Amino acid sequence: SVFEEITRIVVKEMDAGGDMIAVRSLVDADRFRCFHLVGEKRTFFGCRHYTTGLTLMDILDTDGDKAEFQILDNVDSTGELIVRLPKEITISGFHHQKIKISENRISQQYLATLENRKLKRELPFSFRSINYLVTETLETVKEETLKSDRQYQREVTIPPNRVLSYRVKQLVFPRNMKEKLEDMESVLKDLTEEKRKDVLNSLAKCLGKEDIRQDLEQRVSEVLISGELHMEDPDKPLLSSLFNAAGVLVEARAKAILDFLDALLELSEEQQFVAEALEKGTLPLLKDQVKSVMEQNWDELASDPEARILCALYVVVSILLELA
């Protein structure tokens, strides 16, 4: 998590509120290097990025494979940059502390010729079932051992040439929580007590089971795509609640139910708490504590990783308590 602290600092100092994205885990760094592929996931807090293990070299027509290295000739180094670490960050082993980084970019000319290019006739099953590309990478120039005393002393040794921030461009071929939870709650209030019970019975199954969570997310999305109630479905009453009395799919219901699921993704250990509460009817109490901590440690938080975590628990508890 300290790695994330440094990565976020780099992004803020280099391009605050910009295309720049931060590497969240040091292990998956080399997979975020330029010319690499990074996919998107559905997270209401915001688009999240996960590595693919594939590269434009693996999908493009290599013209023979005899020399795929020539592509790197299109890689340019804008040079080196300096990032001034904050006070809680200390380079163990110098009153002003700073780190040196290197910027690698893909030539704009190759970006232009990308669209007017051919893919390989045979492509990996992963790419065959694939349906972006890293454009810029800021990486360490030398080993950096850093430590933090921030709380809400940790130590991280970033090996050299490790990607810290990355910018991606789309691959082509020839919002306030309060508002969100409000909107979701509204969508759900326009639902029968029986229907809401069905949704709850399901979302409670989702508590503590990533299997059931992914299954119900996939199925809500699937009957949102097809828009037709399957003859039989293991969670048929949920998707039945998705459709109105006329059977017309109210897309707001599904979108929100997925949104609840997306948030539940952000609560791994806390989930047990919510489950026990729904099992004892203490949810109201939990909702309040979440609200207190939010309001106490945060002014107009509804205007820290914990902040996002808290917003998730509020959304989850609020919806649950609203269904019951």
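Numbers for residues come from their place in the sequence shown, where the first is 1.
Quick check on the record: how many residues from the deposited sequence are absent from the model between residue 174 and residue 175 (none, 1 to 3, 4 to 9, 10 or more)?
Missing in between: 10 or more residues.
Q. How much of the deposited sequence is absent from the coordinates between residue 303 and residue 304: none, 1 to 3, 4 to 9, or 10 or more residues?
A. Per the record, 4 to 9 deposited residues are absent between residue 303 and residue 304.
message = Can you tell me whether 283-291 has a higher mean C-alpha B factor than 61-69 in this record, or the other way round?
response = If you average the C-alpha B-factors of 283-291 and of 61-69, the larger mean comes out for 61-69.
(message) Using only C-alpha atoms and the B-factors in the entry, which stretch averages higher, 226-234 or 201-209?
(response) Taking the mean C-alpha B-factor of 226-234 and of 201-209, the larger value falls to 226-234.
Candidate residues 142, 84, 128, 169, the one whose C-alpha B factor the record puts highest = The record points to 128.
Out of 102, 116, 135, 165, whose C-alpha atom has the biggest B factor in the entry? Largest recorded C-alpha B-factor: 116.
CA B-factor placement of residue 32, once the chain's modelled residues are sorted into thirds: Within its chain, residue 32 is a lowest-third residue by C-alpha B-factor, going by the deposited values.
- Would you mind ranking residue 98 by its C-alpha B-factor against the rest of the chain and naming the third, lowest, middle or highest? Residue 98: CA B-factor falls in the lowest third of its chain.
Worksheet item: According to the PDB entry, is the CA B factor of residue 260 in the bottom, middle or top third of its chain, that is, lowest, middle or highest?
Response: Bottom third by C-alpha B-factor.
Can you work out whether the C-alpha temperature factor of residue 185 puts it in the lowest, middle or highest third of the chain?
-> It falls in the middle third of the chain.
Quiz item: Sorting the chain's CA B-factors, does residue 216 end up in the lowest, middle or highest third?
Solution: Lowest third, going by the recorded CA B-factors of the chain.
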